[PDB]
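**Q** Below: one structure in structure tokens.
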Amino acid sequence: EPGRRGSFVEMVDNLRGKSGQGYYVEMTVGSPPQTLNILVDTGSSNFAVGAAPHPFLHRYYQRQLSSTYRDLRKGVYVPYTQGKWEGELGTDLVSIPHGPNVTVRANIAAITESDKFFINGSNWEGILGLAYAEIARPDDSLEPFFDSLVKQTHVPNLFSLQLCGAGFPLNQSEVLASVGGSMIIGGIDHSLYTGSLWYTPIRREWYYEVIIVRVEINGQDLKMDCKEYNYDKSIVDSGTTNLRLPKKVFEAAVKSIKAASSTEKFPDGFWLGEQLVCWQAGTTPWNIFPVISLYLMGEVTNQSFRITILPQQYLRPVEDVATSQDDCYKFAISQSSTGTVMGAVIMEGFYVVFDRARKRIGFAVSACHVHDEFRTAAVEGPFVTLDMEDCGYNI
Ligand SMILES: CCCN(CCC)C(=O)c1cc(C)cc(C(=O)N[C@@H](Cc2cc(F)cc(F)c2)[C@@H](O)CNCc2cccc(OC)c2)c1
């Protein structure tokens, strides 16, 4: 054996927030620096910040107060799965207080109009799209923040995320004081995970696309054409709460999860991810819910590995409408019409390494994943898997 050291203490514990409202990191924009909390989103590629008054904002980017502000004289529109905003493009000096000790000039979309974007009480005022230029708006000529970072400094072309779910509800005061995780810019901090890191190839450099080759519910093969699992794509996305699955896969998965948890009957509203279910304080029946294993393509030919999540991950802690002492949760898995989305829910169980330089994504059991005395999340390998390329979808 050998104890693994944590070499990025300055960036450890630099995140705050929760799955339902998003995880954010502190950043500064302009000269003098204007502090803003920014949502970490591996599912988009635009750096955008509120730049005008809004009901849900306590602060915003004030361009006229920045001596280093540069107007690009260009508008920008970004529509997400849910949520959208319109803004004005420009560049300015950006820094990350609890990140690498550097300052870089990056593109910034000054949000002037929005709909269902900002979240009341999230405590964040903007978003950091960490994906590739291909999906950046207006087009791929608008260099993403991380690309600027790497091009302008010596920071390694890699970042890692440790999203830490509390395992229980956090009120407004609590979520503000609590440590929500870590975003290590330019490296891998070994104190953030246990066990080994397994890498799956980044299929294409647009979203952080990966390939799922097998799915199990308590060891039982969901037994679908693996191509179904990646229809029309599978991505790792910190900006979305739930595990989102292709319609057909969702239907099959819910049927299996229901069968595994059949000793307890849950209302349709629960399975739709709409209504919460509650249990007397401390009696949540974790054991009746199955673990979910997702096999991912490995870096070695015909080899895969699997990540296993617990219901402590796919059941999201929520406060009871009556703020009682019961432990309540919502089913954090929903259907998609745009492929698989490995959201915040899933990421909370693992330390995820976005190794841009080597075009791969690594997974390891998170040092902060919620579990019980009987089961733990896992990252295991290797497995002999054939024709994995056929699992990928082509339009
Ligand atoms: C995370 C806080 C809770 N929310 C939002 C409030 C209900 C969700 O769980 C959620 C739910 C759905 C169902 C989509 C998105 C969604 O679109 N997320 C965005 C980021 C985000 C947007 C927002 F408006 C508010 C937020 F908090 C977070 C990206 O992760 C999407 N990546 C894929 C994609 C899809 C289409 C276009 C695209 O552009 C490149 C990227 C987010």
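Just so we're on the same page: first chain in the structure tokens is A, next is B, and so on; residues restart at 1 for each chain, and ligands are numbered from 1 in the order they show up.
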For range 121-136 of chain A, work out the shell of residues within 6 Å, counting only C-alpha atoms and skipping chain neighbours fewer than 5 positions away, then give it as a list in words.
**A**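 Non-adjacent residues within range: residues 21, 37, 38, 39, 40, 41, 42, 44, 45, 46, 47, 48, 49, 50, 144, 206 and 207 of chain A.
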**Q** Taking N, CA, C and O atoms for each residue, export the selection above as a PDB file, in the first residue's frame.
**A**
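So again-v1.pdb came out as:
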ATOM      1  N   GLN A  21     -29.674  22.932  -6.856  1.00  0.00           N
ATOM      2  CA  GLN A  21     -29.517  24.321  -7.272  1.00  0.00           C
ATOM      3  C   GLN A  21     -28.181  24.589  -7.949  1.00  0.00           C
ATOM      4  O   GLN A  21     -27.919  25.705  -8.399  1.00  0.00           O
ATOM      5  N   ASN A  37     -20.259  34.618  -7.745  1.00  0.00           N
ATOM      6  CA  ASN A  37     -20.319  33.167  -7.608  1.00  0.00           C
ATOM      7  C   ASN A  37     -20.778  32.626  -8.936  1.00  0.00           C
ATOM      8  O   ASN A  37     -21.769  33.095  -9.498  1.00  0.00           O
ATOM      9  N   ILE A  38     -20.048  31.633  -9.434  1.00  0.00           N
ATOM     10  CA  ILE A  38     -20.314  31.090 -10.753  1.00  0.00           C
ATOM     11  C   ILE A  38     -20.588  29.589 -10.780  1.00  0.00           C
ATOM     12  O   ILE A  38     -19.790  28.787 -10.299  1.00  0.00           O
ATOM     13  N   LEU A  39     -21.727  29.218 -11.351  1.00  0.00           N
ATOM     14  CA  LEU A  39     -22.122  27.822 -11.476  1.00  0.00           C
ATOM     15  C   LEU A  39     -21.146  27.034 -12.367  1.00  0.00           C
ATOM     16  O   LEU A  39     -20.845  27.436 -13.490  1.00  0.00           O
ATOM     17  N   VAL A  40     -20.652  25.913 -11.857  1.00  0.00           N
ATOM     18  CA  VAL A  40     -19.742  25.066 -12.621  1.00  0.00           C
ATOM     19  C   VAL A  40     -20.570  24.138 -13.512  1.00  0.00           C
ATOM     20  O   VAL A  40     -21.283  23.272 -13.013  1.00  0.00           O
ATOM     21  N   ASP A  41     -20.469  24.326 -14.827  1.00  0.00           N
ATOM     22  CA  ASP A  41     -21.234  23.527 -15.782  1.00  0.00           C
ATOM     23  C   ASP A  41     -20.398  22.829 -16.855  1.00  0.00           C
ATOM     24  O   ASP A  41     -19.975  23.455 -17.826  1.00  0.00           O
ATOM     25  N   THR A  42     -20.163  21.530 -16.688  1.00  0.00           N
ATOM     26  CA  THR A  42     -19.394  20.789 -17.685  1.00  0.00           C
ATOM     27  C   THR A  42     -20.268  20.477 -18.901  1.00  0.00           C
ATOM     28  O   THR A  42     -19.815  19.851 -19.861  1.00  0.00           O
ATOM     29  N   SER A  44     -21.887  22.886 -20.828  1.00  0.00           N
ATOM     30  CA  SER A  44     -22.027  24.028 -21.740  1.00  0.00           C
ATOM     31  C   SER A  44     -20.646  24.638 -21.941  1.00  0.00           C
ATOM     32  O   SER A  44     -19.689  24.229 -21.284  1.00  0.00           O
ATOM     33  N   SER A  45     -20.541  25.623 -22.828  1.00  0.00           N
ATOM     34  CA  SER A  45     -19.240  26.209 -23.116  1.00  0.00           C
ATOM     35  C   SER A  45     -19.134  27.733 -23.033  1.00  0.00           C
ATOM     36  O   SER A  45     -18.121  28.304 -23.431  1.00  0.00           O
ATOM     37  N   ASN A  46     -20.178  28.385 -22.531  1.00  0.00           N
ATOM     38  CA  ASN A  46     -20.162  29.835 -22.371  1.00  0.00           C
ATOM     39  C   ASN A  46     -19.987  30.318 -20.943  1.00  0.00           C
ATOM     40  O   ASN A  46     -20.594  29.791 -20.011  1.00  0.00           O
ATOM     41  N   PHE A  47     -19.146  31.332 -20.790  1.00  0.00           N
ATOM     42  CA  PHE A  47     -18.919  31.968 -19.499  1.00  0.00           C
ATOM     43  C   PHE A  47     -19.864  33.167 -19.565  1.00  0.00           C
ATOM     44  O   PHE A  47     -19.700  34.050 -20.414  1.00  0.00           O
ATOM     45  N   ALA A  48     -20.859  33.197 -18.685  1.00  0.00           N
ATOM     46  CA  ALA A  48     -21.827  34.284 -18.693  1.00  0.00           C
ATOM     47  C   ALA A  48     -22.178  34.686 -17.276  1.00  0.00           C
ATOM     48  O   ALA A  48     -22.253  33.844 -16.386  1.00  0.00           O
ATOM     49  N   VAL A  49     -22.400  35.979 -17.076  1.00  0.00           N
ATOM     50  CA  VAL A  49     -22.723  36.494 -15.757  1.00  0.00           C
ATOM     51  C   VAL A  49     -23.834  37.533 -15.820  1.00  0.00           C
ATOM     52  O   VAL A  49     -23.966  38.249 -16.816  1.00  0.00           O
ATOM     53  N   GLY A  50     -24.635  37.607 -14.759  1.00  0.00           N
ATOM     54  CA  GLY A  50     -25.691  38.598 -14.722  1.00  0.00           C
ATOM     55  C   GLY A  50     -25.004  39.942 -14.862  1.00  0.00           C
ATOM     56  O   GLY A  50     -23.968  40.175 -14.237  1.00  0.00           O
ATOM     57  N   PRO A 144     -13.797  29.304 -25.253  1.00  0.00           N
ATOM     58  CA  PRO A 144     -14.286  29.004 -23.908  1.00  0.00           C
ATOM     59  C   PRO A 144     -13.263  29.444 -22.863  1.00  0.00           C
ATOM     60  O   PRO A 144     -12.069  29.533 -23.151  1.00  0.00           O
ATOM     61  N   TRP A 206     -16.857  18.009 -27.768  1.00  0.00           N
ATOM     62  CA  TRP A 206     -17.917  19.014 -27.882  1.00  0.00           C
ATOM     63  C   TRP A 206     -18.472  19.051 -26.459  1.00  0.00           C
ATOM     64  O   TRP A 206     -18.113  19.933 -25.684  1.00  0.00           O
ATOM     65  N   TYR A 207     -19.342  18.111 -26.111  1.00  0.00           N
ATOM     66  CA  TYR A 207     -19.771  17.980 -24.721  1.00  0.00           C
ATOM     67  C   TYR A 207     -18.726  16.994 -24.237  1.00  0.00           C
ATOM     68  O   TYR A 207     -17.908  16.536 -25.030  1.00  0.00           O
TER      69      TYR A 207
END
**Q** Quick one: residues within 7 Å of ligand 1, with only C-alpha atoms and all ligand atoms, as a PyMOL selection string?
**A** chain A and resi 19-22+41-45+78-84+116-119+135-136+237-242
**Q** Identify, with DSSP run on backbone atoms, the residues in range 188-235 of chain A assigned to strand (DSSP E or B), and express the list as a VMD selection string.
**A** chain A and resid 193 to 201 205 208 to 209 212 to 217 220 to 221 234 to 235
**Q** Have a look at A:69, A:98, A:213, A:86 and name the one nearest to residue 35 in chain A; count only C-alpha atoms.
**A** A:98
**Q** One decimal, Å: what's the distance from CA of residue 266 in chain A over to CA of residue 284 in chain A, could you say?
**A**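 So the two atoms, CA of residue 266 in chain A and CA of residue 284 in chain A, lie 13.5 Å apart.
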**Q** Could you give me, as a list in words, each residue of range 37-161 of chain A that DSSP assigns to alpha helix (DSSP H) when run on this structure's backbone?
**A** residues 145, 146, 147, 148, 149, 150, 151 and 152 of chain A
**Q** One number please: CA of residue 201 in chain A to CA of residue 148 in chain A, in Å, one decimal.
**A**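 Distance reported for this atom pair: 23.3 Å.
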**Q** Leaving out range 1-11 of chain A and any residue of its chain fewer than 3 positions from it, which residues lie within 9 Å of it when counting only C-alpha atoms, given as a count of residues only?
**A** 16
**Q** Residues of range 221-326 of chain A that approach range 370-384 of chain A to 8 Å or less, counting only C-alpha atoms: could you list each one with the shortest pair of atoms and its distance in Å to one decimal, rows by chain and increasing residue number, as JSON lines?
**A**
{"residue": "A:302", "atom": "CA", "partner": "A:384", "partner_atom": "CA", "distance": 5.7}
{"residue": "A:303", "atom": "CA", "partner": "A:384", "partner_atom": "CA", "distance": 4.9}
{"residue": "A:304", "atom": "CA", "partner": "A:383", "partner_atom": "CA", "distance": 5.1}
{"residue": "A:305", "atom": "CA", "partner": "A:381", "partner_atom": "CA", "distance": 4.3}
{"residue": "A:306", "atom": "CA", "partner": "A:380", "partner_atom": "CA", "distance": 5.3}
{"residue": "A:307", "atom": "CA", "partner": "A:379", "partner_atom": "CA", "distance": 4.4}
{"residue": "A:308", "atom": "CA", "partner": "A:378", "partner_atom": "CA", "distance": 5.0}
{"residue": "A:309", "atom": "CA", "partner": "A:377", "partner_atom": "CA", "distance": 5.1}
{"residue": "A:310", "atom": "CA", "partner": "A:377", "partner_atom": "CA", "distance": 6.0}
{"residue": "A:312", "atom": "CA", "partner": "A:370", "partner_atom": "CA", "distance": 5.9}
{"residue": "A:313", "atom": "CA", "partner": "A:370", "partner_atom": "CA", "distance": 7.1}
**Q** With C-alpha atoms retained, write the just-selected residues as a PDB file, in the first residue's frame.
**A**
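The resulting again_9.pdb:
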ATOM      1  CA  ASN A 302     -12.038  -4.664 -25.554  1.00  0.00           C
ATOM      2  CA  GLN A 303     -11.865  -3.514 -21.948  1.00  0.00           C
ATOM      3  CA  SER A 304     -14.431  -1.685 -19.805  1.00  0.00           C
ATOM      4  CA  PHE A 305     -14.907  -0.741 -16.157  1.00  0.00           C
ATOM      5  CA  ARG A 306     -17.998   0.056 -14.106  1.00  0.00           C
ATOM      6  CA  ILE A 307     -19.128   2.785 -11.739  1.00  0.00           C
ATOM      7  CA  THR A 308     -21.769   1.807  -9.189  1.00  0.00           C
ATOM      8  CA  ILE A 309     -24.079   4.328  -7.563  1.00  0.00           C
ATOM      9  CA  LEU A 310     -26.213   3.876  -4.482  1.00  0.00           C
ATOM     10  CA  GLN A 312     -27.947   7.634  -1.574  1.00  0.00           C
ATOM     11  CA  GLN A 313     -26.984   9.205  -4.898  1.00  0.00           C
TER      12      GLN A 313
END
**Q** So which residues touch range 330-333 of chain A within 10 Å, counting only C-alpha atoms, skipping near sequence neighbours fewer than 3 positions away, as a PyMOL selection string?
**A** chain A and resi 19-20+241-245+250+253-254+269-278+311+313-319+336+341-346
**Q** So, with only C-alpha atoms as the atoms that count, which of A:167, A:339, A:290, A:17 lies closest to residue 217 in chain A?
**A**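 Distance minimum relative to residue 217 in chain A lands on A:290.
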**Q** For residue 221 in chain A, find every residue with an atom within 12 Å (counting only C-alpha atoms), except residues of its own chain fewer than 5 positions away, and show them as an NGL selection string.
**A** :A and (213-216 or 226 or 252-253 or 256 or 292-295)
**Q** If we count only C-alpha atoms and set the cut-off at 8 Å, which residues sit around residue 161 in chain A, ignoring sequence neighbours fewer than 2 positions away in its own chain? Please answer as a short mmCIF file (atom, residue, chain, number, x, y, z; two decimals) with N, CA and C atoms, in the first residue's frame.
**A**
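The resulting file, selection39.cif, is reproduced below:
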data_model
loop_
_atom_site.label_atom_id
_atom_site.label_comp_id
_atom_site.auth_asym_id
_atom_site.auth_seq_id
_atom_site.Cartn_x
_atom_site.Cartn_y
_atom_site.Cartn_z
N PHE A 159 -8.84 19.46 -15.42
CA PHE A 159 -9.46 19.91 -14.19
C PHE A 159 -10.22 18.72 -13.61
N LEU A 163 -17.95 16.74 -6.34
CA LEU A 163 -19.19 17.39 -5.92
C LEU A 163 -19.65 16.64 -4.67
N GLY A 181 -17.77 20.94 -2.07
CA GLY A 181 -16.89 20.15 -2.90
C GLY A 181 -15.62 20.83 -3.34
N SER A 182 -15.00 20.26 -4.36
CA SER A 182 -13.74 20.78 -4.88
C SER A 182 -13.64 20.80 -6.40
N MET A 183 -13.02 21.85 -6.91
CA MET A 183 -12.75 21.96 -8.34
C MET A 183 -11.26 22.23 -8.39
N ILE A 184 -10.50 21.21 -8.77
CA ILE A 184 -9.06 21.34 -8.83
C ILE A 184 -8.71 21.70 -10.27
N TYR A 351 -15.13 11.12 -7.84
CA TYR A 351 -14.17 12.19 -8.07
C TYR A 351 -14.05 12.02 -9.58
N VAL A 352 -14.38 13.06 -10.34
CA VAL A 352 -14.35 12.97 -11.79
C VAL A 352 -13.24 13.83 -12.38
N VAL A 353 -12.34 13.20 -13.13
CA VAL A 353 -11.22 13.90 -13.73
C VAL A 353 -11.43 14.16 -15.22
N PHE A 354 -11.53 15.43 -15.58
CA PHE A 354 -11.71 15.83 -16.97
C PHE A 354 -10.31 16.05 -17.55
#
